[PDB]
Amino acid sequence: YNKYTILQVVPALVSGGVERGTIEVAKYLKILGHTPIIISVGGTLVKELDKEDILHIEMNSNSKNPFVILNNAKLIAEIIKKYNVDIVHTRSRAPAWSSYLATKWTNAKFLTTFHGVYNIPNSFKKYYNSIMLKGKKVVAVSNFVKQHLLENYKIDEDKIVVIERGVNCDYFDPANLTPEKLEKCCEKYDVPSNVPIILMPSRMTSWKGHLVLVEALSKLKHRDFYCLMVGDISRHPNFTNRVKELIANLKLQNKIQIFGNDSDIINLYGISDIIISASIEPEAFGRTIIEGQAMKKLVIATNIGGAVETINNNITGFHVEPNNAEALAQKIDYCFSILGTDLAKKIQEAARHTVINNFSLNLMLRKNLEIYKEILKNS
């Protein structure tokens, strides 16, 4: 008929919103009457999969042992035969050895999505693109990743399909903010009343740029403001104490405060006026940029990686040079001077418009189903 079985394989390394993409695609396939299956190593992911009632198969990946690769490939192949899987969809960092073997032996098709920029040995690039990816397609989550696949992997262009990352415009919707839930968030985060709020929703790791923003906000010690740094502070705790100290030694403890991860990030966007991505090493895509644009905010992102891909400079947001405190401090100062004006409103409106028109989760999900149909054409 027109109903498909899509088996997604998720690895232990999940940088780049890999688990979020896998769950949203599974849920979408369910609604359309398709059958999603997810093979994972287990962990916290299974909890959501059970909530959404999606068939999950635990399995232990080990790319270091050929016997395990061959035996996992057999297990997957038997899963394929069991559920008449039409496509195996891998989102692994290295080549998905076991999954590739499973599809080579069965009628299933092989789809790869690259959620980031990783390197493969130069000796392997010829074999990968010529033999392994013959008659196959690959998905890049950004044009920044697609460029890597072209210049580094030397993968043929007509193999690469870009499916930009999407933001749930139904969840990230300023029309859902209530004046009460906002006040509760200002009360939870010690937010002052009549000052601009700067939100940096970044994991507390070194390459995110926290240090650059703190040196930038020090250059604006004369302006009144309040900066919130919300994100995990556990994976790199050594770095967190380092930042909190720099804020202290610069006597900025009352204008910048660090908080653990935010349960409901939507109310934190709603209370903010300026969102910051200050990464000094490139990112495949700037999730918080798109999320901030969806919330009708003034967005400032470093011009590096895919983080500026969603920003039409001076129209839906602003670019800054990475690792440049003065350039960042001046852009933040500029936004202060236009907050409240018709221009800010224009940019803020334009920002959510461009996310609805080009970077919605809805369009991401549909682009995934299209590439499934292309892969399954002539069957």
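Residue positions are given as counts along the sequence shown, with the first one as 1.
- For the pair 341-349 and 43-51, the record assigns the higher mean C-alpha temperature factor to 43-51.
- For the pair 184-192 and 268-276, the mean B factor over Cα atoms is greater in 184-192.
- Across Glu164, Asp158, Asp170, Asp86, the entry's maximum B-factor at the CA atom is seen for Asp158.
- Taking the PDB entry at face value, the top CA B factor among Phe144, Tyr100, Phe259, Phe114 belongs to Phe259.
- When the modelled residues of the chain are ordered by their C-alpha B factor, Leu213 lands in the middle third.
- Sort the modelled residues of the chain by CA B factor and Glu291 lands in the lowest third.
- Looking at the C-alpha B-factors along this chain, the one for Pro95 belongs to the middle third.
- Residue-level temperature factors show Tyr153 in the middle third of its chain, judged at the C-alpha atom.
- Ranked against the other modelled residues of its chain, the C-alpha B-factor of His34 as given in the entry falls in the middle third.
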